[PDB]
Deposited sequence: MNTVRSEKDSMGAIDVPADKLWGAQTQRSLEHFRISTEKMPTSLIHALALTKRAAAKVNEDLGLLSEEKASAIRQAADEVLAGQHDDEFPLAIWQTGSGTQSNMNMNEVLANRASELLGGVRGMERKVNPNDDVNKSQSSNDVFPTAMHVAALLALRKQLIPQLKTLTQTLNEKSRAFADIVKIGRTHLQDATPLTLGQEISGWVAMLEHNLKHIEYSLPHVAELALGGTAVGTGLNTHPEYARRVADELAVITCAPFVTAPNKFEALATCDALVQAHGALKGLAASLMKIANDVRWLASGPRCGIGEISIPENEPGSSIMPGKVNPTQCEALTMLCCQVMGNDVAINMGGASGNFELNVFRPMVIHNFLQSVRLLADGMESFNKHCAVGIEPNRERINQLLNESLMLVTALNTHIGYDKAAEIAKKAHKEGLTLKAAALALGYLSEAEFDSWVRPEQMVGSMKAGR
């Protein structure tokens, strides 16, 4: 729409597209921060709306906001949550480090929309004020950190954790099924003593179980909300019960154990909870990286690789099955590792009463949660559930290896066993061929003595 609407702020009047619900400040920012393409994530946008919704409810309970104005704001917020205004937040991540502009973006959209809900119009003659009504008892300084933690905790709890548990269950099932399949071990990439495929996969399982616990230990710190500290953490200009009540309201509507941060100065001056929580994520990224690599190497082939297992072929060189799911997963794992550095740099750069590296920190954090959750979901349904062992290939490899000589020790002694091993290795023979060439035992004895199942 070409038609503009004149809105204004302390700096003056500016044209805003008539069909949009934002105001003067959102428009100024839009024109001042034309940097790249990254905008606020939908999960962050919704957490911002949830925060405003909680503040409105509590402001009402304290008699700071009229029931009508408060219910209108609460209703406009629900529409945002319902995904009806996704097009109303055009601000880039690369804005003011406190996220002030996005806070104002939400204030204006909810003010203009709540006005209409009250039978009013959007624009300078609206019924609900962005600052006085929607931003009542708040500050960008304590609102953005609160929205960051709301989004972070819900994404970990609702997206990440469930997917982690599912993959764990799948691998655990595979572990039990392939428990009797003995295969050759590999240390340093060299042939080593045997182990069952099931024991090897149980390693992947335990890795995932351990990761779940570390992620869980990081949750309580993220559950601490900064809401109530206002500008510098002192809580100047708020009701003494506000902080506690707003945390309770949030916990109630989200069903997540949110609590008000015991120390508001720590809450506003740092992103510590997120720096630490992401530490657990880079840990999971390292574990997934290893699992994905094992999968693609074990499935490499079909003729000139390892080929011990087969994975589902998901897209259309006959046996050439590229491990695409493993490639997407390993790629996003590198991404999480980089995001950690950006997060650490931003987290270590706080100055005095406020850390102003927040949009970047939440941008990286929520991306890692999406990548990990979706990555595990994809890898699980398109690869993990269909992993199958190539029994013929596994057996062939076992029998062609020199690593089984050890079973001859108790029968013919170490020196003769080592001799057979040396002969086979020098002559390019199998242990059985070398053993028979030497005449140290019959084929029947070899077949009876070397049972890889007793490894």
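- Missing from the model, relative to the deposited sequence, are the ranges 317-320, 460-467.
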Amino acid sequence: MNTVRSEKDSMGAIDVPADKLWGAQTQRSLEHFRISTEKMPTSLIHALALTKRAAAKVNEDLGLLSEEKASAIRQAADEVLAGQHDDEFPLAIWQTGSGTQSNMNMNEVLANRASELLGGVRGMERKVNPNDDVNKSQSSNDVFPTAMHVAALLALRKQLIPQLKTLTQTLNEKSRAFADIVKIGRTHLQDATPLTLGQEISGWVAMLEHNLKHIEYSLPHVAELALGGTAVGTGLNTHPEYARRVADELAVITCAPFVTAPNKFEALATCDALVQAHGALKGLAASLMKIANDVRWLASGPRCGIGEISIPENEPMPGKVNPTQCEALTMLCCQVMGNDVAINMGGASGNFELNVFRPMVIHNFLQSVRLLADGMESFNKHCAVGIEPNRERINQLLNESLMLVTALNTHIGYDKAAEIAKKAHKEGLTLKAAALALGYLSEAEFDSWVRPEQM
From here on, numbers count along this sequence of modelled residues.
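- Averaged over their C-alpha atoms, the temperature factors of 327-335 and 104-112 are higher for 104-112.
- For the pair 127-135 and 349-357, the record assigns the higher mean C-alpha temperature factor to 127-135.
- Taking the deposited Cα B-factors for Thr37, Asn409, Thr430, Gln27, the highest one is held by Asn409.
- Of the candidates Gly235, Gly185, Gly99, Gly198, the deposited coordinates give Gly235 the top C-alpha B factor.
- Sorting the modelled residues of the chain by their CA temperature factor places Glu308 in the middle third.
- Remark: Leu189 belongs to the middle third of its chain, ranked by C-alpha B-factor as recorded.
- Looking at the C-alpha B-factors along this chain, the one for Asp180 belongs to the highest third.
- Remark: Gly301 belongs to the middle third of its chain, ranked by C-alpha B-factor as recorded.
- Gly279: CA B factor lies in the lowest third for its chain, per the PDB record.
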